[PDB]
>>> print(open('upload.tsv').read())   # TSV, C-alpha atoms
chain	number	residue	atom	x	y	z
N	1	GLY	CA	19.65	0.44	68.97
N	2	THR	CA	21.98	3.09	70.41
N	3	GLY	CA	24.32	5.89	69.29
N	4	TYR	CA	21.59	8.51	68.76
N	5	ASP	CA	23.56	10.86	71.04
N	6	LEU	CA	26.81	10.81	69.03
N	7	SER	CA	25.65	13.16	66.25
N	8	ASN	CA	23.96	16.58	66.43
N	9	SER	CA	21.01	16.60	64.00
N	10	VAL	CA	19.95	13.00	64.74
N	11	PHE	CA	16.50	12.34	66.22
N	12	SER	CA	16.33	9.71	68.96
N	13	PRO	CA	13.42	7.17	69.05
N	14	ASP	CA	11.56	9.46	71.49
N	15	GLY	CA	11.91	12.52	69.22
N	16	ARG	CA	14.71	14.14	71.23
N	17	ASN	CA	18.02	15.78	70.35
N	18	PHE	CA	20.52	14.42	72.90
N	19	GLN	CA	23.45	16.61	71.76
N	20	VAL	CA	21.32	19.66	72.61
N	21	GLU	CA	20.41	18.09	75.98
N	22	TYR	CA	24.13	17.53	76.62
N	23	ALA	CA	24.74	21.21	75.86
N	24	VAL	CA	22.25	22.01	78.64
N	25	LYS	CA	24.46	20.00	81.04
N	26	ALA	CA	27.30	22.43	80.24
N	27	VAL	CA	24.96	25.33	81.13
N	28	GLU	CA	23.83	23.74	84.42
N	29	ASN	CA	27.51	23.27	85.34
N	30	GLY	CA	28.19	26.98	84.76
N	31	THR	CA	27.82	30.07	86.95
N	32	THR	CA	24.36	31.40	87.91
N	33	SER	CA	22.98	34.53	86.21
N	34	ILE	CA	19.62	36.32	86.52
N	35	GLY	CA	17.37	38.92	84.88
N	36	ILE	CA	14.61	41.02	86.46
N	37	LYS	CA	11.97	42.91	84.47
N	38	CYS	CA	10.77	46.05	86.26
N	39	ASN	CA	8.11	48.72	85.58
N	40	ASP	CA	10.10	50.59	82.89
N	41	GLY	CA	13.26	48.51	82.31
N	42	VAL	CA	15.32	45.38	82.97
N	43	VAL	CA	18.12	44.47	85.41
N	44	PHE	CA	20.85	41.87	84.76
N	45	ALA	CA	23.08	40.26	87.41
N	46	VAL	CA	25.77	37.55	87.38
N	47	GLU	CA	27.97	35.56	89.77
N	48	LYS	CA	31.74	35.87	89.23
N	49	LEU	CA	33.70	33.05	90.87
N	50	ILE	CA	36.99	34.37	92.26
N	51	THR	CA	39.34	31.46	91.50
N	52	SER	CA	42.29	33.16	93.24
N	53	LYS	CA	43.42	36.51	94.70
N	54	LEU	CA	45.38	36.97	91.46
N	55	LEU	CA	42.19	37.83	89.51
N	56	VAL	CA	42.05	41.62	89.13
N	57	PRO	CA	38.72	42.79	90.63
N	58	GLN	CA	36.11	44.55	88.44
N	59	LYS	CA	38.06	43.72	85.26
N	60	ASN	CA	36.75	40.42	83.85
N	61	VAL	CA	33.38	41.79	82.68
N	62	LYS	CA	30.80	39.12	81.79
N	63	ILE	CA	27.69	41.16	80.89
N	64	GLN	CA	27.79	42.37	77.28
N	65	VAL	CA	26.01	45.21	75.46
N	66	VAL	CA	24.29	44.83	72.08
N	67	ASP	CA	23.71	48.08	70.15
N	68	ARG	CA	23.14	50.72	72.87
N	69	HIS	CA	19.93	49.50	74.55
N	70	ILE	CA	20.29	45.73	74.84
N	71	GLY	CA	22.20	43.87	77.57
N	72	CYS	CA	23.18	40.20	77.44
N	73	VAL	CA	24.21	37.81	80.22
N	74	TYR	CA	24.80	34.05	79.90
N	75	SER	CA	25.68	30.87	81.81
N	76	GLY	CA	27.92	27.98	80.70
N	77	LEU	CA	30.63	28.13	78.04
N	78	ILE	CA	31.66	31.81	78.04
N	79	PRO	CA	33.35	31.64	74.59
N	80	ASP	CA	30.06	30.31	73.12
N	81	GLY	CA	28.20	33.22	74.74
N	82	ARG	CA	30.61	35.75	73.22
N	83	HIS	CA	30.06	34.19	69.77
N	84	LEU	CA	26.31	34.61	70.16
N	85	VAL	CA	26.69	38.28	71.18
N	86	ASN	CA	29.06	38.86	68.23
N	87	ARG	CA	26.33	37.57	65.90
N	88	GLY	CA	23.70	39.59	67.80
N	89	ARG	CA	25.71	42.79	67.32
N	90	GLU	CA	25.99	42.12	63.58
N	91	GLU	CA	22.27	41.31	63.54
N	92	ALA	CA	21.39	44.55	65.35
N	93	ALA	CA	23.60	46.60	63.00
N	94	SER	CA	21.94	44.98	59.97
N	95	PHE	CA	18.50	46.03	61.29
N	96	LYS	CA	19.51	49.65	61.98
N	97	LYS	CA	21.23	49.98	58.58
N	98	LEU	CA	18.06	49.13	56.64
N	99	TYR	CA	15.25	50.27	58.96
N	100	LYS	CA	16.95	53.29	60.64
N	101	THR	CA	15.33	52.55	64.03
N	102	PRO	CA	17.26	50.48	66.64
N	103	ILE	CA	16.19	46.81	66.75
N	104	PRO	CA	13.16	45.98	68.95
N	105	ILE	CA	13.77	43.46	71.76
N	106	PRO	CA	11.23	40.86	70.50
N	107	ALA	CA	12.77	41.31	67.03
N	108	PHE	CA	16.28	40.80	68.45
N	109	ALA	CA	15.08	37.76	70.44
N	110	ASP	CA	14.04	35.86	67.29
N	111	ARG	CA	17.29	36.79	65.53
N	112	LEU	CA	19.31	34.99	68.22
N	113	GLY	CA	16.65	32.25	68.35
N	114	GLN	CA	16.91	31.41	64.64
N	115	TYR	CA	20.73	31.42	64.80
N	116	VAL	CA	20.88	29.03	67.78
N	117	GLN	CA	18.21	26.78	66.21
N	118	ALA	CA	20.39	26.64	63.08
N	119	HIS	CA	23.11	24.92	65.13
N	120	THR	CA	20.72	22.05	65.82
N	121	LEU	CA	20.00	21.31	62.14
N	122	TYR	CA	23.42	20.01	61.04
N	123	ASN	CA	25.85	17.36	62.29
N	124	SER	CA	28.83	19.51	61.23
N	125	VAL	CA	28.05	22.16	63.87
N	126	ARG	CA	27.91	22.03	67.67
N	127	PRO	CA	24.99	23.39	69.75
N	128	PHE	CA	25.62	26.43	71.96
N	129	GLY	CA	26.69	25.57	75.52
N	130	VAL	CA	24.97	28.67	76.92
N	131	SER	CA	21.61	29.90	78.16
N	132	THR	CA	21.37	33.64	77.52
N	133	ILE	CA	19.29	36.14	79.50
N	134	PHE	CA	18.86	39.39	77.55
N	135	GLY	CA	16.59	42.41	77.10
N	136	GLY	CA	16.10	46.18	77.02
N	137	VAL	CA	13.75	49.09	76.31
N	138	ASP	CA	12.26	49.82	72.88
N	139	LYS	CA	9.27	51.59	71.24
N	140	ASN	CA	6.71	49.98	73.57
D	1	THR	CA	32.75	57.15	39.39
D	2	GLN	CA	29.84	59.40	40.35
D	3	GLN	CA	28.68	63.04	40.34
D	4	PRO	CA	27.60	65.25	43.28
D	5	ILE	CA	23.87	66.07	43.32
D	6	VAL	CA	22.85	67.73	46.60
D	7	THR	CA	25.87	69.68	47.84
D	8	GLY	CA	27.13	71.60	50.88
D	9	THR	CA	29.57	74.50	50.54
D	10	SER	CA	32.59	75.67	52.62
D	11	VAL	CA	33.60	74.30	56.02
D	12	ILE	CA	35.87	76.77	57.84
D	13	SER	CA	38.03	76.12	60.92
D	14	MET	CA	40.93	77.42	63.02
D	15	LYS	CA	42.77	76.61	66.27
D	16	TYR	CA	43.25	78.95	69.25
D	17	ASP	CA	45.16	78.70	72.58
D	18	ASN	CA	42.82	76.27	74.36
D	19	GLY	CA	41.07	74.49	71.47
D	20	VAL	CA	39.48	74.64	68.02
D	21	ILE	CA	36.54	76.37	66.29
D	22	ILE	CA	34.66	75.00	63.25
D	23	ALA	CA	31.76	76.41	61.20
D	24	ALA	CA	29.56	75.48	58.22
D	25	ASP	CA	26.30	76.89	56.83
D	26	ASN	CA	22.94	75.11	56.77
D	27	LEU	CA	22.44	74.90	52.99
D	28	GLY	CA	21.84	71.90	50.72
D	29	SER	CA	22.27	73.14	47.15
D	30	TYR	CA	20.77	71.36	44.14
D	31	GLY	CA	22.95	72.76	41.35
D	32	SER	CA	22.05	76.45	41.17
D	33	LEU	CA	18.86	75.86	43.18
D	34	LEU	CA	19.19	76.55	46.91
D	35	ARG	CA	16.91	73.64	47.79
D	36	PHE	CA	17.36	72.72	51.47
D	37	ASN	CA	17.86	75.13	54.39
D	38	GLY	CA	17.78	72.81	57.42
D	39	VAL	CA	20.96	70.81	56.78
D	40	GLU	CA	23.39	70.32	59.67
D	41	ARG	CA	26.88	69.82	58.23
D	42	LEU	CA	28.75	69.70	61.56
D	43	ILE	CA	28.70	66.25	63.19
D	44	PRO	CA	29.68	65.94	66.88
D	45	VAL	CA	31.33	62.62	67.77
D	46	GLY	CA	31.33	62.29	71.56
D	47	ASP	CA	32.16	65.48	73.46
D	48	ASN	CA	35.69	66.09	72.15
D	49	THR	CA	35.29	65.98	68.34
D	50	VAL	CA	33.23	67.75	65.66
D	51	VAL	CA	33.32	66.62	62.02
D	52	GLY	CA	32.65	69.24	59.32
D	53	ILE	CA	31.67	67.82	55.93
D	54	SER	CA	31.24	69.59	52.58
D	55	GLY	CA	30.23	68.25	49.15
D	56	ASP	CA	27.72	65.48	48.43
D	57	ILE	CA	24.97	65.38	51.08
D	58	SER	CA	23.95	61.74	50.47
D	59	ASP	CA	27.60	60.79	51.00
D	60	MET	CA	27.66	63.03	54.10
D	61	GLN	CA	24.67	61.16	55.55
D	62	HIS	CA	26.56	57.91	54.93
D	63	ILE	CA	29.55	59.24	56.86
D	64	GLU	CA	27.13	60.30	59.63
D	65	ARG	CA	26.00	56.67	59.97
D	66	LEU	CA	29.62	55.44	59.96
D	67	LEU	CA	30.50	57.79	62.83
D	68	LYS	CA	27.46	56.78	64.91
D	69	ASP	CA	28.40	53.12	64.40
D	70	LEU	CA	32.00	53.86	65.47
D	71	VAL	CA	30.63	55.15	68.80
D	72	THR	CA	28.47	52.02	69.13
D	73	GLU	CA	31.36	49.69	68.20
D	74	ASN	CA	33.81	51.38	70.60
D	75	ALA	CA	31.45	50.87	73.56
D	76	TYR	CA	31.31	47.10	72.92
D	77	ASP	CA	33.24	45.10	75.56
D	78	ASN	CA	34.86	48.34	76.74
D	79	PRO	CA	34.32	49.36	80.40
D	80	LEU	CA	36.38	52.52	79.79
D	81	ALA	CA	34.38	53.77	76.78
D	82	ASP	CA	33.63	57.06	78.58
D	83	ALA	CA	37.13	57.44	80.07
D	84	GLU	CA	40.61	56.31	78.93
D	85	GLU	CA	39.39	54.31	75.91
D	86	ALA	CA	37.03	56.98	74.53
D	87	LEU	CA	37.13	57.99	70.86
D	88	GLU	CA	39.89	60.52	70.16
D	89	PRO	CA	39.70	63.11	67.33
D	90	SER	CA	42.80	61.43	65.87
D	91	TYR	CA	41.10	58.00	65.83
D	92	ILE	CA	38.02	59.45	64.12
D	93	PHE	CA	40.05	61.22	61.42
D	94	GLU	CA	42.41	58.31	60.63
D	95	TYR	CA	39.40	56.01	60.17
D	96	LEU	CA	37.75	58.46	57.74
D	97	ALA	CA	41.09	59.12	56.00
D	98	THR	CA	41.45	55.36	55.46
D	99	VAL	CA	37.91	55.10	54.04
D	100	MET	CA	38.32	58.13	51.72
D	101	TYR	CA	41.54	56.77	50.19
D	102	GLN	CA	40.11	53.24	49.86
D	103	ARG	CA	37.08	54.58	47.98
D	104	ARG	CA	39.18	56.63	45.53
D	105	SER	CA	41.41	53.59	44.89
D	106	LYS	CA	38.30	51.57	43.99
D	107	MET	CA	37.30	54.44	41.64
D	108	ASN	CA	34.09	55.00	43.64
D	109	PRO	CA	34.82	58.00	45.90
D	110	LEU	CA	32.79	59.71	48.61
D	111	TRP	CA	32.43	63.17	47.06
D	112	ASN	CA	33.39	65.12	50.17
D	113	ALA	CA	35.91	67.44	51.78
D	114	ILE	CA	36.14	66.77	55.52
D	115	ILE	CA	37.69	68.68	58.43
D	116	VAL	CA	38.02	66.88	61.77
D	117	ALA	CA	38.18	69.40	64.63
D	118	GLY	CA	38.74	68.42	68.26
D	119	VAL	CA	40.91	68.27	71.37
D	120	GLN	CA	43.04	65.24	72.32
D	121	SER	CA	43.06	63.65	75.80
D	122	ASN	CA	46.35	65.40	76.67
D	123	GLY	CA	44.88	68.81	75.76
D	124	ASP	CA	46.42	69.12	72.29
D	125	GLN	CA	44.41	70.78	69.51
D	126	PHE	CA	43.49	68.56	66.56
D	127	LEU	CA	42.71	69.98	63.11
D	128	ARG	CA	43.19	67.88	59.96
D	129	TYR	CA	41.69	67.82	56.44
D	130	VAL	CA	40.72	64.89	54.18
D	131	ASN	CA	39.02	64.91	50.75
D	132	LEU	CA	37.63	62.56	48.07
D	133	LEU	CA	41.18	61.89	46.82
D	134	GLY	CA	42.40	60.89	50.29
D	135	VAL	CA	44.67	63.94	50.51
D	136	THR	CA	45.47	64.78	54.15
D	137	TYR	CA	47.03	67.91	55.68
D	138	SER	CA	47.15	69.93	58.92
D	139	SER	CA	47.35	73.71	59.32
D	140	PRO	CA	46.53	76.32	62.03
D	141	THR	CA	43.59	77.27	59.77
D	142	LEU	CA	41.63	74.89	57.52
D	143	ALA	CA	38.87	75.56	54.99
D	144	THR	CA	37.12	73.54	52.27
D	145	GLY	CA	36.20	74.60	48.73
D	146	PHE	CA	35.27	78.28	48.56
D	147	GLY	CA	36.50	79.03	52.09
D	148	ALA	CA	40.01	77.94	51.10
D	149	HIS	CA	40.19	81.00	48.83
D	150	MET	CA	38.49	83.60	51.01
D	151	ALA	CA	38.32	82.52	54.67
D	152	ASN	CA	41.90	81.18	54.85
D	153	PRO	CA	43.49	84.56	53.91
D	154	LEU	CA	41.41	86.23	56.65
D	155	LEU	CA	42.04	83.58	59.32
D	156	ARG	CA	45.79	83.47	58.59
D	157	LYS	CA	45.94	87.18	59.48
D	158	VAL	CA	45.12	86.08	63.04
D	159	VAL	CA	47.25	82.90	63.07
D	160	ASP	CA	50.03	83.02	60.46
D	161	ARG	CA	52.11	80.27	62.09
D	162	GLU	CA	52.29	77.83	65.04
D	163	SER	CA	53.55	80.46	67.52
D	164	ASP	CA	50.43	82.60	66.99
D	165	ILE	CA	48.14	79.85	68.36
D	166	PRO	CA	48.80	80.39	72.12
D	167	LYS	CA	48.41	84.15	71.52
D	168	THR	CA	44.87	83.78	70.12
D	169	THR	CA	41.86	83.82	72.47
D	170	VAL	CA	38.37	82.35	71.91
D	171	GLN	CA	36.89	85.85	71.50
D	172	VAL	CA	39.37	86.82	68.77
D	173	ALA	CA	39.16	83.42	67.03
D	174	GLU	CA	35.33	83.29	66.97
D	175	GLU	CA	35.17	86.91	65.74
D	176	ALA	CA	37.44	85.93	62.82
D	177	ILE	CA	35.25	82.88	62.07
D	178	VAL	CA	31.99	84.89	62.19
D	179	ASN	CA	33.58	87.56	59.96
D	180	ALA	CA	34.71	84.92	57.45
D	181	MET	CA	31.16	83.51	57.29
D	182	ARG	CA	29.89	87.01	56.41
D	183	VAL	CA	32.49	87.37	53.62
D	184	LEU	CA	31.49	83.95	52.26
D	185	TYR	CA	27.85	85.10	52.20
D	186	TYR	CA	28.95	88.16	50.19
D	187	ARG	CA	30.83	86.38	47.40
D	188	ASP	CA	29.79	82.70	47.39
D	189	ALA	CA	26.63	82.11	45.33
D	190	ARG	CA	26.06	78.71	46.97
D	191	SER	CA	26.08	80.03	50.56
D	192	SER	CA	23.39	80.53	53.22
D	193	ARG	CA	22.94	83.27	55.83
D	194	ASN	CA	22.12	80.68	58.51
D	195	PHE	CA	25.02	78.65	59.91
D	196	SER	CA	26.26	76.47	62.78
D	197	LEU	CA	29.36	77.07	64.90
D	198	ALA	CA	31.13	74.57	67.17
D	199	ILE	CA	33.81	75.23	69.80
D	200	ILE	CA	35.87	72.41	71.30
D	201	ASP	CA	37.83	73.68	74.31
D	202	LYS	CA	40.12	71.73	76.67
D	203	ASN	CA	38.46	73.44	79.66
D	204	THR	CA	34.82	74.29	78.83
D	205	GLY	CA	34.36	71.22	76.59
D	206	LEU	CA	32.11	71.14	73.53
D	207	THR	CA	29.92	74.15	72.74
D	208	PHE	CA	27.54	73.66	69.81
D	209	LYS	CA	25.79	76.79	68.51
D	210	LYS	CA	22.78	76.47	66.18
D	211	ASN	CA	20.72	78.91	64.06
D	212	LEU	CA	23.38	81.64	63.86
D	213	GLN	CA	22.92	84.41	61.29
D	214	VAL	CA	25.20	86.74	59.32
D	215	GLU	CA	24.74	90.22	60.81
D	216	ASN	CA	26.22	93.73	60.41
D	217	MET	CA	26.20	93.70	56.59
D	218	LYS	CA	27.29	96.65	54.45
D	219	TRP	CA	24.80	97.24	51.63
D	220	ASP	CA	24.13	100.98	51.85
D	221	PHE	CA	26.81	101.93	49.27
D	222	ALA	CA	24.75	100.19	46.54
D	223	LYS	CA	22.37	103.17	46.28
D	224	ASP	CA	25.20	105.33	44.90
D	225	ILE	CA	26.11	102.83	42.15
D	226	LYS	CA	24.12	103.25	38.92
D	227	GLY	CA	24.78	102.00	35.38
D	228	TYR	CA	27.92	100.16	34.27
D	229	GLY	CA	30.11	103.02	33.04
D	230	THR	CA	28.58	106.18	31.56
D	231	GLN	CA	25.04	106.20	33.04
D	232	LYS	CA	24.49	108.97	35.60
D	233	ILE	CA	20.90	108.35	36.76
>>> encode(input="upload.tsv", output="structure tokens")
Amino acid sequence: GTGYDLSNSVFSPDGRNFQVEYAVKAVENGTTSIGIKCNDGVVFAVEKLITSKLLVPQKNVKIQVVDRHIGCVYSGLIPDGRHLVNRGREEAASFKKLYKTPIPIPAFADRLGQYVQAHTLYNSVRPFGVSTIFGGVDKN
Amino acid sequence: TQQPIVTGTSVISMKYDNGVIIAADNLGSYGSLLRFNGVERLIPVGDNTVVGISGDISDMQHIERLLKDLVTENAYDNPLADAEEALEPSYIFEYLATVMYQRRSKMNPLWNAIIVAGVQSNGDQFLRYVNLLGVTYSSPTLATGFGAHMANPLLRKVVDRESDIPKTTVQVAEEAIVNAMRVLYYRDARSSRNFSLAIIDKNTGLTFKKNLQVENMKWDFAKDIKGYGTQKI
């Protein structure tokens, strides 16, 4: 039948999660953001739509910092992106508290990955309406 | 309720016309055993604040991590983290003062005596004390533990009240600090010859001095002292 797209954790007949695919539509609707990996670092850039002249220039910062070496930029639902960075900052602080060294980028990538994947397992939670480009420099 | 194991002795400090000076030796005592000699007990937070901690070293290292996280947390979503919205000496102290009093109220204190020395954004000198009990006070001169008995009397001869502060130069203030460190090496049994000295000035900024030693010591008169009363040879 139908209705497989009304609840989050429900598999459709073709093995798809439609609520997640609908969250992608919110991302595609959002502003464009990019990331460029260079020879010894990474560069993040984002579009900032000036709705009106009333918006104070250089104030509404979109790119966020995690720890002191990781930068995060996202497209789609900005509040959802901030929530993910808030978790990422807690996750980075938890790593540094126990292991002394600042969190590696591949290590940090999985930490956000497991948290976002968790929001696809239950019907009581909503998937993130953001695609996040992030990175930095670590041990190697 | 706990007990201090590895300990650091006096932290001495005073304020002059343009800023503040703070000093603490590099010792980590294990009871009567002078165990560790490479212990930095002055913690710079930014370029306008230095935190001097005495007492339990394991608790000091915990405070170190709290201060480094405060720098990290302040830079989050803050485009003026290096300008108008930078960490002030007063913000750093009040946070620690809150923690110290919260820990004593839970009957699990951080066994430390802390002096926060720095210069505010408007140029004002900051010097305030906080201990394991959460007791807070400000004075032209501040010293923890053994320095409170010996260094304070010497440093108050230079600055006895608030009006003496603008009359005191860096050269006179540092000389009084270096002299006090020598006196502490004479009479404190838990003191080291090697020490660190930090100057926070409203013009020249932060000046951190490492590996300083107590010099110009008077010991010659000991050769003339023999016996304990009646012995002549």
>>> atom_distance(input="upload.tsv", atom1="CA of residue 204 (chain D)", atom2="CA of residue 93 (chain D)")
22.4 Å
>>> closest_residue(input="upload.tsv", among="N:31, N:17, N:7, N:60", to="chain D", atoms="all atoms listed in the file")
N:60
>>> residues_around(input="upload.tsv", residues="region 56-64 of chain D", least_positions_apart="5", cutoff="9 Å", atoms="only C-alpha atoms", output="PyMOL selection string")
chain D and resi 3-8+28+39+41+43+69+96+110-112
>>> residues_around(input="upload.tsv", residues="region 42-47 of chain N", least_positions_apart="5", cutoff="9 Å", atoms="only C-alpha atoms", output="list in words")
residues 31, 32, 33, 34, 35, 36, 37, 62, 63, 71, 72, 73, 74, 75, 133, 134, 135, 136 and 137 of chain N
>>> interface_residues(input="upload.tsv", of="chain D", to="chain N", cutoff="7 Å", atoms="only C-alpha atoms", output="JSON list (two decimals) with C-alpha atoms, keeping the file's coordinate frame")
[["chain", "number", "residue", "atom", "x", "y", "z"],
["D", 72, "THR", "CA", 28.47, 52.02, 69.13],
["D", 76, "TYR", "CA", 31.31, 47.10, 72.92],
["D", 77, "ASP", "CA", 33.24, 45.10, 75.56]]
>>> closest_residue(input="upload.tsv", among="D:217, D:143, D:133, D:173", to="residue 157 (chain D)", atoms="all atoms listed in the file")
D:173
>>> residues_around(input="upload.tsv", residues="residue 150 (chain D)", least_positions_apart="5", cutoff="9 Å", atoms="all atoms listed in the file", output="list in words")
residues 143, 180, 183, 184 and 187 of chain D
>>> residues_around(input="upload.tsv", residues="residue 105 (chain N)", least_positions_apart="2", cutoff="7 Å", atoms="all atoms listed in the file", output="VMD selection string")
chain N and resid 103 107 to 109 135 to 136 138
>>> atom_distance(input="upload.tsv", atom1="CA of residue 192 (chain D)", atom2="CA of residue 222 (chain D)")
20.8 Å
>>> closest_residue(input="upload.tsv", among="N:84, N:78, N:70, N:54", to="residue 27 (chain N)", atoms="all atoms listed in the file")
N:78
>>> residues_around(input="upload.tsv", residues="residue 71 (chain D)", least_positions_apart="2", cutoff="12 Å", atoms="all atoms listed in the file", output="list in words")
residues 67 and 68 of chain N; 44, 45, 46, 47, 49, 64, 65, 66, 67, 68, 69, 73, 74, 75, 76, 78, 81, 82, 85, 86, 87, 88, 91 and 92 of chain D
>>> closest_residue(input="upload.tsv", among="N:53, N:23, N:40, N:16", to="residue 116 (chain N)", atoms="only C-alpha atoms")
N:23
>>> decode(input="upload.tsv", residues="region 45-64 of chain D", atoms="N, CA and C atoms", output="PDB file, in the first residue's frame")
ATOM      1  N   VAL D  45      46.315  32.842  30.809  1.00  0.00           N
ATOM      2  CA  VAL D  45      45.059  32.704  30.075  1.00  0.00           C
ATOM      3  C   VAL D  45      44.912  33.899  29.134  1.00  0.00           C
ATOM      4  N   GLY D  46      45.153  33.657  27.849  1.00  0.00           N
ATOM      5  CA  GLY D  46      45.185  34.722  26.851  1.00  0.00           C
ATOM      6  C   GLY D  46      46.495  35.486  26.918  1.00  0.00           C
ATOM      7  N   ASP D  47      46.409  36.809  26.806  1.00  0.00           N
ATOM      8  CA  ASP D  47      47.587  37.675  26.889  1.00  0.00           C
ATOM      9  C   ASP D  47      47.400  38.805  27.904  1.00  0.00           C
ATOM     10  N   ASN D  48      46.360  38.686  28.725  1.00  0.00           N
ATOM     11  CA  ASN D  48      46.018  39.714  29.707  1.00  0.00           C
ATOM     12  C   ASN D  48      45.797  39.183  31.129  1.00  0.00           C
ATOM     13  N   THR D  49      45.973  37.874  31.309  1.00  0.00           N
ATOM     14  CA  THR D  49      45.733  37.222  32.599  1.00  0.00           C
ATOM     15  C   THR D  49      46.738  36.102  32.871  1.00  0.00           C
ATOM     16  N   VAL D  50      47.222  36.044  34.111  1.00  0.00           N
ATOM     17  CA  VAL D  50      48.046  34.933  34.593  1.00  0.00           C
ATOM     18  C   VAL D  50      47.472  34.425  35.919  1.00  0.00           C
ATOM     19  N   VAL D  51      47.260  33.113  35.998  1.00  0.00           N
ATOM     20  CA  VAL D  51      46.669  32.477  37.173  1.00  0.00           C
ATOM     21  C   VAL D  51      47.734  31.720  37.970  1.00  0.00           C
ATOM     22  N   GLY D  52      47.965  32.161  39.204  1.00  0.00           N
ATOM     23  CA  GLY D  52      48.924  31.518  40.099  1.00  0.00           C
ATOM     24  C   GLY D  52      48.229  30.612  41.096  1.00  0.00           C
ATOM     25  N   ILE D  53      48.575  29.326  41.064  1.00  0.00           N
ATOM     26  CA  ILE D  53      47.917  28.323  41.906  1.00  0.00           C
ATOM     27  C   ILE D  53      48.901  27.635  42.854  1.00  0.00           C
ATOM     28  N   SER D  54      48.514  27.558  44.125  1.00  0.00           N
ATOM     29  CA  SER D  54      49.262  26.820  45.139  1.00  0.00           C
ATOM     30  C   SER D  54      48.406  25.688  45.704  1.00  0.00           C
ATOM     31  N   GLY D  55      49.044  24.750  46.398  1.00  0.00           N
ATOM     32  CA  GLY D  55      48.341  23.612  46.986  1.00  0.00           C
ATOM     33  C   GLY D  55      48.445  22.360  46.138  1.00  0.00           C
ATOM     34  N   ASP D  56      47.374  21.568  46.130  1.00  0.00           N
ATOM     35  CA  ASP D  56      47.338  20.283  45.429  1.00  0.00           C
ATOM     36  C   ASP D  56      47.601  20.424  43.926  1.00  0.00           C
ATOM     37  N   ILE D  57      48.606  19.695  43.444  1.00  0.00           N
ATOM     38  CA  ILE D  57      49.052  19.774  42.048  1.00  0.00           C
ATOM     39  C   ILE D  57      48.086  19.073  41.087  1.00  0.00           C
ATOM     40  N   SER D  58      47.517  17.945  41.514  1.00  0.00           N
ATOM     41  CA  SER D  58      46.527  17.230  40.703  1.00  0.00           C
ATOM     42  C   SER D  58      45.266  18.072  40.506  1.00  0.00           C
ATOM     43  N   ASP D  59      44.897  18.822  41.542  1.00  0.00           N
ATOM     44  CA  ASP D  59      43.791  19.770  41.464  1.00  0.00           C
ATOM     45  C   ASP D  59      44.157  20.994  40.622  1.00  0.00           C
ATOM     46  N   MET D  60      45.434  21.381  40.655  1.00  0.00           N
ATOM     47  CA  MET D  60      45.947  22.478  39.829  1.00  0.00           C
ATOM     48  C   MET D  60      45.864  22.130  38.343  1.00  0.00           C
ATOM     49  N   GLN D  61      46.239  20.895  38.011  1.00  0.00           N
ATOM     50  CA  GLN D  61      46.193  20.395  36.637  1.00  0.00           C
ATOM     51  C   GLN D  61      44.761  20.284  36.113  1.00  0.00           C
ATOM     52  N   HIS D  62      43.813  20.096  37.030  1.00  0.00           N
ATOM     53  CA  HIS D  62      42.390  20.098  36.698  1.00  0.00           C
ATOM     54  C   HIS D  62      41.914  21.486  36.370  1.00  0.00           C
ATOM     55  N   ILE D  63      42.373  22.467  37.147  1.00  0.00           N
ATOM     56  CA  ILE D  63      42.057  23.878  36.910  1.00  0.00           C
ATOM     57  C   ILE D  63      42.682  24.358  35.595  1.00  0.00           C
ATOM     58  N   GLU D  64      43.890  23.872  35.303  1.00  0.00           N
ATOM     59  CA  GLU D  64      44.564  24.126  34.026  1.00  0.00           C
ATOM     60  C   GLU D  64      43.690  23.750  32.832  1.00  0.00           C
TER      61      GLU D  64
END
